């Protein structure tokens, strides 16, 4: 209806970063992932894997103490801020991060919102997902704030019921990205990527293999890592959403769309990303 353009292969190819011979991990920065709780621990592993796969230099995972041991054998390259998402409720971050994501596997509580407020005083891009998504406003700051709601969370954020949202996805995503002055990645088939400056795109990749628990946690991590290796955070978000969907498409070439497990998206991304280089 609004003729929102697709973020195409040609756009991905033109904007994906190089990883130079002369580079060191500091070039690609340290990300912080605030995720995973005692009954939703897996989100931390999914987002962690997505993030380390996606071109950062280092990852610190601020997860609950009991979640840490569940991540290490699979992703031994991450380090930890013990109970970090809880600690973030109480004070400003003291360390500097290239990008921060908060919310996968966190409960929808006021303490999580207090952590969100403290994280927003950092200068870097910040992603809010899952439990960190609420009906709220956002303070003027330097770096972008990137909200990644599925339609139900969009309802939680805006009061737009899902049946209404789905009739006019881009129009609502653009309106609320403008109102909130946040990026909104509105999930679904033809995911909408709406920017607060009015730019908006649709994602052309993906399929129903993604319609299963965990694939959004993986996407949050992919965005987090891409924010670390792209100079332009807009391109980071767009490329993450694109490549995430492209991994599901590779999967369905030889596997049934009913059978994908989200973590596998992260196993697929290395080969998929190569093809766009």
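Positions refer to the first chain, counted from 1.
- When the C-alpha B-factors of 113 to 121 and 88 to 96 are averaged, 88 to 96 comes out higher.
- Here the stretch with the larger average CA B-factor, out of 160 to 168 and 72 to 80, is 160 to 168.
- Annotation for 14, 257, 268, 261: 14 ranks highest, by Cα B-factor.
- Compared with the other modelled residues of the chain, the Cα B-factor recorded for residue 131 ranks in the middle third.
- Ranked within its chain, residue 208 lands in the middle third, by CA B factor from the PDB record.
- Sorting the modelled residues of the chain by their CA temperature factor places residue 233 in the middle third.
- The deposited CA B-factor of residue 103 belongs to the lowest third of values across its chain.
- The deposited CA B-factor of residue 38 belongs to the highest third of values across its chain.
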